[PDB]
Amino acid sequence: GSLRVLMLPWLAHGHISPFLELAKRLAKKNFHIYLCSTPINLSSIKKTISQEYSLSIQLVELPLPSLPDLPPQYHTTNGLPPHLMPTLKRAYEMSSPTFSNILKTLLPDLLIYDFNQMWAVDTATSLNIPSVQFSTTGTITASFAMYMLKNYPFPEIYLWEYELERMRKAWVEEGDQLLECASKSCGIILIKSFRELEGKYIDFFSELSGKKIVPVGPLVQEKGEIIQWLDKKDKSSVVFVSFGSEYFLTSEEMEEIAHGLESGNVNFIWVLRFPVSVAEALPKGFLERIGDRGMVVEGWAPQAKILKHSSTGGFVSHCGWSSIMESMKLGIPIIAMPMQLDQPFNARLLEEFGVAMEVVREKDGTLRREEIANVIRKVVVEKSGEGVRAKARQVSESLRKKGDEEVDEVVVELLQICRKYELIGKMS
């Protein structure tokens, strides 16, 4: 059994990357994938696609209508000015006629879409093509959203008091669209997760949504200076520090993290991202005292290569979903520093699962250097962290032995959906 699938991620690198990783697993099961996004997004992940997928993954351009304030270079959330987000969402909706013509041209057996393309589902439906939603975050995130929109039985999933305000402002500021998108998913919703981590939240999400929730697994994807420096350090002795691709540290946050890294006296690699100089942003004399014991990287760093390296011993993470799946696959315990959005809940999940220890902030929500240093030391160095180091090792082994069992379940489910949908279509 094989299917020709058109996949439509939301316009963020953080969404197309999981869609691309799912496409690769389906390709290795003899599906043909059309991965459809704006040209500015396709040009980027284009380079990261091995020629092994030359036959099975085809990129399909969906240009948006452009305006002076939103030229094609801004047809993505990556580096987008925040005031332009409603204009980008509107432009995406208005590409619907272009999308219908892609569907008429390719006539795939199936559309896999993301969290808000109501117009895309409707278009496929009018051409008698079924549509299945793929959630690129976990079931804890999805079932919380339903609990918020369709009105919580898990006491380990809670919010610190200083996290309530950011959560309240986010939910008090379209929910109907998000519910409708999920409701129009044909039979199942696919989700980037696995039962050993999220089983009971998966089941809860299934009961709330009225859909079978099908986990697709973790979907994890010449020596540079970073790797050359890592080669010189002891085993499991370096902490990697990165806060994702869409969050910027405040000035206060950046200072305390720098003091915490120096107080912790654990070798580090810290990627620093600034909105559109290094020695100017760090406390006086910081780089001089650190010497060879750490390095600060502006902008971007090879995250998977670093986490894979035998010298790496910990990951200071905002707990974005891709980053925590990668860390779990590669056996690196997490120093959890959730920043925004779904991250507090991911942090609660990873502490409960046993692979993370959280840096808890003060009542006022601010960071302390001594809390950062204490948690880095106990995860990477001290006896207090052996359980977290051991569970990370254990999880990595199991995921490496799991391979692609979840993908076989995904294929079988999608074949059944598409067969039934086609038999009903022959009746017209």
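Numbering starts at 1 and follows the sequence shown.
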Counting only residues that lack coordinates, how big is the gap in the deposited sequence between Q221 and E222? Pick none, 1 to 3, 4 to 9 or 10 or more.
4 to 9
Unresolved deposited residues in the interval that joins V276 and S277:
4 to 9
Looking at the entry, does 78 to 86 or 264 to 272 show the higher mean C-alpha B-factor?
78 to 86
Averaging only over Cα atoms, indicate whether 175 to 183 or 131 to 139 has the higher B-factor in the PDB entry.
175 to 183
If you compare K378, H32, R389, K363, which has the highest Cα B-factor in the entry?
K363
Most elevated Cα B-factor in the entry, residues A170, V316, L230, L350
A170
Temperature factor at the Cα of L3, chain-ranked in thirds, falls in the middle
Among the modelled residues of its chain, does the C-alpha B-factor of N41 lie in the lowest, middle or highest third?
highest
The third of the chain into which the C-alpha temperature factor of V410 falls is the middle
Compared with the other modelled residues in the chain, in which third is the CA B-factor of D234?
middle
Could you tell me which third, lowest, middle or highest, the C-alpha B-factor of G320 occupies within its chain?
lowest
